[PDB]
Amino acid sequence: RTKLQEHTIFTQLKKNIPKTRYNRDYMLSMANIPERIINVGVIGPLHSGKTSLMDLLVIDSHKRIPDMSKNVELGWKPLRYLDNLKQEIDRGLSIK
Amino acid sequence: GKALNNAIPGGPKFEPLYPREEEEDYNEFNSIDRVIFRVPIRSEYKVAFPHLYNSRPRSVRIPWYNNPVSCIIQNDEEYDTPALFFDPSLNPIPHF
Amino acid sequence: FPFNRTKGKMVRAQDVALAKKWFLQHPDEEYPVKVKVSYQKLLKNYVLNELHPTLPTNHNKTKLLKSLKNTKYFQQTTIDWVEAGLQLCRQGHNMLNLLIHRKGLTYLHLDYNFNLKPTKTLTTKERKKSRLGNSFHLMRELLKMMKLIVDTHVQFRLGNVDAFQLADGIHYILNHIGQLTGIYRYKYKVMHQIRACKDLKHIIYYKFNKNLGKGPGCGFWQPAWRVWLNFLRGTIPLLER
Amino acid sequence: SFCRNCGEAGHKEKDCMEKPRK
Amino acid sequence: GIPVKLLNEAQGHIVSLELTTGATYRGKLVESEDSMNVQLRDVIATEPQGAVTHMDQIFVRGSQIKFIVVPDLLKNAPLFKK
Amino acid sequence: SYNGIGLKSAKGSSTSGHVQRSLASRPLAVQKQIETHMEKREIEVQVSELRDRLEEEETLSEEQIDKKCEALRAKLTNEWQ
Amino acid sequence: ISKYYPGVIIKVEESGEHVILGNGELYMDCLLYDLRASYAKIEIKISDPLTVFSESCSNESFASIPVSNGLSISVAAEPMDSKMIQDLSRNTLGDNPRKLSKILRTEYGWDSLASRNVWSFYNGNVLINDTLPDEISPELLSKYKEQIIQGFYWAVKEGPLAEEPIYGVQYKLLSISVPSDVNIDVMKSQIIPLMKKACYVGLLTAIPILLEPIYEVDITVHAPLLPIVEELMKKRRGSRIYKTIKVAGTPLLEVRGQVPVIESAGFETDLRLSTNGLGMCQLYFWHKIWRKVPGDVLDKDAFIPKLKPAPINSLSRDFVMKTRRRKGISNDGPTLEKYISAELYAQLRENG
RNA sequence: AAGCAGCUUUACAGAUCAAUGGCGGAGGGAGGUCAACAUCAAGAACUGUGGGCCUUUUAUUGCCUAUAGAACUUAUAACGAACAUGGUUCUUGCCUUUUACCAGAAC
RNA sequence: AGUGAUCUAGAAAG
Ligand SMILES: O=P(O)(O)O[C@H]1[C@H](OP(=O)(O)O)[C@@H](OP(=O)(O)O)[C@H](OP(=O)(O)O)[C@@H](OP(=O)(O)O)[C@H]1OP(=O)(O)O
Ligand SMILES: Nc1nc2c(ncn2[C@@H]2O[C@H](COP(=O)(O)OP(=O)(O)OP(=O)(O)O)[C@@H](O)[C@H]2O)c(=O)[nH]1
Ligand SMILES: [Mg+2]
Ligand SMILES: [Mg+2]
Ligand SMILES: [Mg+2]
Ligand SMILES: [Zn+2]
């Protein structure tokens with residue numbers, strides 16, 4: 001089996017890609033329409049909470065995320081979903 | 001600190017992880033005739049940014065970089081100070 | 001943690017590392033050299049624990065006391081702790097004495113404080129025949145240590161010493177195993193425990209004796225108690241074998 | 001500097017000998 | 001309520017209008033208002049007489065709309081959830 | 001080891017490994033060429049001003065601008081010489 | 001690494017070593033981790049931290065000498081005005097000729113002649129063809145324009161002192177003396193190294209200096225610990241504090257200052273340790289400040305220690321000579337004798 | 001937000017006291033320093049089940065796709081906010097030999 | 001003009 005723990009937490013299996021609360025095909029069906037796409041850059045200083053803001057938007061979009069521990073469901077620790085490189089997990093920092 | 005065999009005072013000490021030493025090394029690469037000395041590179045730097053300040057960081061682990069600066073005000077007084085108050089440490093807010 | 005919580009699970013008393021939070025932090029700068037090196041050595045122990053985890057196995061069904069409890073030969077009751085200690089002292093004395101006597105070494109005498117002494121100057125054939133090994137001696141000295149602890153509790157319960165004297169006595173015993181017990185002679189790796197107890201004594205005293213000055217009275221025996229329990233953890237399989 | 005738990009000078013809150021009080 | 005929200009959730013798709021006057025218009029819904037005013041682009045148009053034409057861009061007053069046809073995809077849009 | 005000083009380990013050294021910092025520790029010919037260049041710069045400066053005025057505010061033909069621009073230099077070169 | 005990290009610059013020296021440029025110490029730590037752990041997966045030696053120097057002028061060239069390999073080129077150098085440096089640093093002025101000449105005449109106060117004679121803006125420098133028409137008609141120099149500009153580009157991409165980039169220089173052509181005989185297509189090849197050499201002579205005649213990039217630093221610290229922060233800014237060489245912001249409604253101050261990049265190694269660690277974690281700082285170079293290093297590069301006999309950091313008056317010489325030895329250019333150092341005739345060099349040395 | 005109409009109904013009183021459907025009832029709750037069995041470190045790494053699939057008929061497993069439910073553990077990665085011992089090999093230390101040991105590594 | 005860096009540790013048999 002290919003393994004990626006040495007570099008990044010990443011979902012290799014399509015069966016484990018999390019289920020959206022919305023129907024995902026419906027989202028693709030409006031990708032044809034330029035007026036319905038907005039591209040948003042979340043920028044800001046060091047430790048402003050940008051990855052945490054994204055964690056809010058990710059959790060509210062999905063039914064169940066396999067990487068959620070009870071420490072994260074209860075809010076003791078941030079999910080840090082987009083900080084998924086091993087190096088980012090170790091530094092506590094968005095790098096890429 | 002263990003892996004690099006560097007010890008800040010106050011911290012523990014261990015016998016070296018790699019007890020060999022490259023006594024064969026003679027090359028010009030880090031000759032003092034080529035190095036620009038401006039600040040002495042402390043061991044603290046060698047553990048803060050281990051891959052930058054060490055030539056052979058074998059088996060190091062990446063440190064956590066930073067947390068946002070703590071601003072937890074504590075209520076000193078017994079009774080006369082309520083839970084919410086403008087502590088003397090705080091700068092005022094002159095804008096109007 | 002744990003004070004930001006309002007619920008939790010119970011932990012074992014030996015699992016509450018009370019003194020640990022002190023040496024994970026920087027010592028007060030005015031402290032003398034022995035205290036500082038004590039801090040440094042305790043940090044060494046902590047770091048080496050964190051490097052090399054010995055994860056447990058899951059198929060560990062046959063715990064001793066549960067397995068014995070299934071038998072007709074073992075029965076339950078409840079007794080006072082001091083009674084349990086006195087019983088265990090009598091039992092261990094009986095065990096080692098019976099082992100001495102089955103081997104025919106009646107010319108050796110075992111004190112009720114678990115010193116082994118010859119009753120007479122021994123022949124060379126007697127010396128060869130009576131040359132007990134490290135298994136017996138380790139067993140004997142552990143019984144001696146337990147005997148000291150139980151005897152302090154007995155002194156308290158007789159009314160001979162009050163509670164503060166008891167606390168100081170337990171603390172003294174756990175710090176001075178190296179002088180009271182001689183257990184290092186048969187297992188020299190216990191010097192790690194003795195050294196850890198000394199380091200703990202240094203940091204505990206220089207937290208405790210601030211603005212008090214010298215003299216006995218420090219009875220905060222919980223860290224050294226943890227040291228010796230965690231030593232017994234790894235000494236059980238060795239002595240069983 | 002004084003111990004806020006008992007008012008005496010020098011020693012800190014953590015190093016006080018009088019019991020804590022609210 | 002949901003029907004005006006569906007007409008807003010229809011913007012950017014091709015819709016077909018029929019009016020009280022009997023005209024019909026089919027085209028890309030550029031904007032729609034809570035009053036059911038709509039703007040269509042690249043509009044196929046049809047007269048009450050059945051005559052057909054084409055026009056670049058139109059606006060229609062809400063009161064005169066008889067019904068609006070919406071792409072079938074929208075039956076599973078998140079609008080209809082409880 | 002700390003800051004590159006001290007033993008690999010105190011073990012096996014027969015010492016404590018304690019370390020403490022030691023408190024006991026007339027012009028040349030090529031120079032004249034700038035002076036030559038200045039006098040010929042002056043001519044081109046006035047030519048540039050006149051040519052810019054002709055281009056921007058007086059005429060639309062390149063040949064009309066260029067001849068009137070050259071008229072300035074043709075006189076100024078002898079005016080300085 | 002060059003693909004994945006957008007801001008990193010990677011180049012290879014003629015020494016056979018690889019040079020990586022990054023934004024700062026954490027950035028380098030990250031990409032070197034990537035090299036060791038994911039991508040190269042080999043053991044890699046690295047130097048102590050350095051900085052990108054650049055070479056510049058402090059006066060006009062004392063003589064506009066001719067330089068030759070029968071073809072000859074002469075150029076002179078002069079510092080750009082600070083206003084134009086600060087504007088062109090931001091890729092702004094105030095490429096159409098009339099518009100550019102208008103704003104050069106207007107905001108930057110240039111002569112109209114030089115204003116129209118601009119021939120390229122390139123990496124914080126400007127080339128001006130003030131060649132007089134008496135020797136070379138405009139048509140004849142126009143035949144060579146692209147390739148002489150290419151030579152000037154070579155010149156500013158690597159300088160005479162240390163093969164570091166030139167910055168902040170006006171280059172002025174005096175003349176390119178072209179043979180009447182030879183076919184121009186071959187002469188294309190000849191003029192680019194001679195224009196490089198001519199620019200080198202022009203800068204070395206212009207009282208050259210070494211320029212050092214300056215980090216701006218934003219420091220957030222608890223207000224009662226400002227004495228420690230300013231003491232640290234005194235301990236580091238060349239660092240200065242310009243403003244203190246009282247962060248309203250908090251115990252914090254925001255302290256804005258500067259420190260040179262060569263002096264910046266381990267700044268964050270020193271500040272965090274001295275303040276016991278009640279202070280933090282950010283180092284950045286989006287305002288592209290370049291500053292003169294103290295001392296003279298051409299000072300042959302300045303004192304440079306073997307191990308201690310050098311004194312102030314010998315810093316520029318120390319940086320230049322260490323860079324030269326590291327690159328393999330070199331104990332004599334840069335001088336015009338490398339490029340100009342011996343009689344001219346000795347005469348210049350005598351005349352001063 | 002209450003005054004009125006709809007939903008919910010239940011302490012009730014009815015037509016009904018039939019024919020229906022809805023939700024419960026056809027072996028209760030809280031505890032135990034009780035026991036047994038199952039399971040707990042892995043492609044971020046889960047099982048069942050409907051349809052399609054290479055093993056020459058794809059079986060039960062490995063693959064594609066549809067769908068219901070995932071307890072405990074884990075990202076400054078671990079059941080345990082805690083922390084012992086032993087075996088083998090290698091390299092050290094103390095060292096007259098072995099046990100007992102010095103302290104780093106790997107398994 | 002002074003910041004710091006602190007190895008050990010004993011018993012048996014032969
Ligand atoms: O050798 P140490 O581990 O350091 O401990 C030594 C004593 O232990 P013993 O040698 O067994 O008697 C101890 O008394 P005890 O623990 O027995 O009650 C003293 O504590 P205190 O007087 O009660 O405060 C120590 O005095 P301090 O120096 O102030 O810590 C003393 O240290 P010293 O040997 O350097 O003088
Ligand atoms: N007190 C408090 N802390 C927060 C809040 N949001 C995020 N944090 C903490 O701030 C730290 C930084 O979190 P991130 O989400 O990574 O912030 P970031 O903007 O993504 O920072 P970068 O990694 O540099 O991009 C973490 O320790 C968070 O727990 C907040 O709203 N309140
Ligand atoms: Mg982030
Ligand atoms: Mg022998
Ligand atoms: Mg013999
Ligand atoms: Zn007090």
# chains A, B, ... in the order shown; residues from 1 in each chain; ligands from 1
>>> residues_near_ligand(ligand="ligand 4", cutoff="10 Å", atoms="only C-alpha atoms (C1' of nucleotides) and all ligand atoms", output="list in words")
residues 97 and 98 of chain H; 14 of chain I
>>> write_last_selection(atoms="N, CA, C and O atoms (P, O5', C5', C4', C3', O3' and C1' of nucleotides)", output="PDB file, in the first residue's frame")
ATOM      1  P     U H  97      38.974  -7.434  33.644  1.00  0.00           P
ATOM      2  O5'   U H  97      38.657  -8.970  33.930  1.00  0.00           O
ATOM      3  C5'   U H  97      38.930  -9.974  32.964  1.00  0.00           C
ATOM      4  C4'   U H  97      38.335 -11.301  33.367  1.00  0.00           C
ATOM      5  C3'   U H  97      36.821 -11.329  33.533  1.00  0.00           C
ATOM      6  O3'   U H  97      36.137 -11.474  32.301  1.00  0.00           O
ATOM      7  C1'   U H  97      37.836 -12.341  35.413  1.00  0.00           C
ATOM      8  P     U H  98      34.801 -10.631  32.002  1.00  0.00           P
ATOM      9  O5'   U H  98      33.658 -11.427  32.774  1.00  0.00           O
ATOM     10  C5'   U H  98      33.147 -12.635  32.233  1.00  0.00           C
ATOM     11  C4'   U H  98      32.234 -13.342  33.202  1.00  0.00           C
ATOM     12  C3'   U H  98      31.015 -12.558  33.660  1.00  0.00           C
ATOM     13  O3'   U H  98      29.940 -12.558  32.726  1.00  0.00           O
ATOM     14  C1'   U H  98      32.098 -13.486  35.540  1.00  0.00           C
TER      15        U H  98
ATOM     16  P     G I  14      35.185 -18.377  46.310  1.00  0.00           P
ATOM     17  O5'   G I  14      36.062 -18.181  44.992  1.00  0.00           O
ATOM     18  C5'   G I  14      35.956 -19.078  43.896  1.00  0.00           C
ATOM     19  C4'   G I  14      36.636 -18.533  42.665  1.00  0.00           C
ATOM     20  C3'   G I  14      38.136 -18.319  42.731  1.00  0.00           C
ATOM     21  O3'   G I  14      38.862 -19.521  42.560  1.00  0.00           O
ATOM     22  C1'   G I  14      37.112 -16.438  41.737  1.00  0.00           C
TER      23        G I  14
END
>>> select_by_dssp(residues="range 13-211 of chain C", states="strand (DSSP E)", output="ChimeraX atom specification")
/C:108-110,116-118
>>> interface_residues(of="chain F", to="chain B", cutoff="7 Å", atoms="only C-alpha atoms", output="number ranges by chain")
F: 1-3, 8-9
>>> closest_atom_pairs(of="chain D", to="ligand 6", cutoff="8 Å", atoms="only C-alpha atoms and all ligand atoms", output="JSON lines")
{"residue": "D:2", "atom": "CA", "partner": "ligand 6", "partner_atom_place_in_ligand_line": "1 (Zn)", "distance": 7.8}
{"residue": "D:3", "atom": "CA", "partner": "ligand 6", "partner_atom_place_in_ligand_line": "1 (Zn)", "distance": 4.6}
{"residue": "D:4", "atom": "CA", "partner": "ligand 6", "partner_atom_place_in_ligand_line": "1 (Zn)", "distance": 6.7}
{"residue": "D:5", "atom": "CA", "partner": "ligand 6", "partner_atom_place_in_ligand_line": "1 (Zn)", "distance": 5.1}
{"residue": "D:6", "atom": "CA", "partner": "ligand 6", "partner_atom_place_in_ligand_line": "1 (Zn)", "distance": 4.5}
{"residue": "D:7", "atom": "CA", "partner": "ligand 6", "partner_atom_place_in_ligand_line": "1 (Zn)", "distance": 6.4}
{"residue": "D:8", "atom": "CA", "partner": "ligand 6", "partner_atom_place_in_ligand_line": "1 (Zn)", "distance": 5.8}
{"residue": "D:9", "atom": "CA", "partner": "ligand 6", "partner_atom_place_in_ligand_line": "1 (Zn)", "distance": 7.9}
{"residue": "D:11", "atom": "CA", "partner": "ligand 6", "partner_atom_place_in_ligand_line": "1 (Zn)", "distance": 6.4}
{"residue": "D:12", "atom": "CA", "partner": "ligand 6", "partner_atom_place_in_ligand_line": "1 (Zn)", "distance": 6.6}
{"residue": "D:13", "atom": "CA", "partner": "ligand 6", "partner_atom_place_in_ligand_line": "1 (Zn)", "distance": 5.8}
{"residue": "D:15", "atom": "CA", "partner": "ligand 6", "partner_atom_place_in_ligand_line": "1 (Zn)", "distance": 6.9}
{"residue": "D:16", "atom": "CA", "partner": "ligand 6", "partner_atom_place_in_ligand_line": "1 (Zn)", "distance": 3.8}
{"residue": "D:17", "atom": "CA", "partner": "ligand 6", "partner_atom_place_in_ligand_line": "1 (Zn)", "distance": 6.0}
{"residue": "D:18", "atom": "CA", "partner": "ligand 6", "partner_atom_place_in_ligand_line": "1 (Zn)", "distance": 6.0}
>>> residues_near_ligand(ligand="ligand 3", cutoff="9 Å", atoms="only C-alpha atoms (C1' of nucleotides) and all ligand atoms", output="NGL selection string")
:A and (46-52 or 80 or 82-83 or 88 or 92-95)
>>> residues_near_ligand(ligand="ligand 1", cutoff="8 Å", atoms="only C-alpha atoms (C1' of nucleotides) and all ligand atoms", output="MDAnalysis selection string")
chainID C and resid 34 172 175:176 198:199 201:202 205:206 209 213:218
>>> interface_residues(of="chain H", to="chain A", cutoff="8 Å", atoms="only C-alpha atoms (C1' of nucleotides)", output="list in words")
residues 43, 44, 74, 75 and 76 of chain H
>>> closest_residue(among="G:335, G:123, G:189, G:282", to="ligand 2", atoms="only C-alpha atoms and all ligand atoms")
G:282
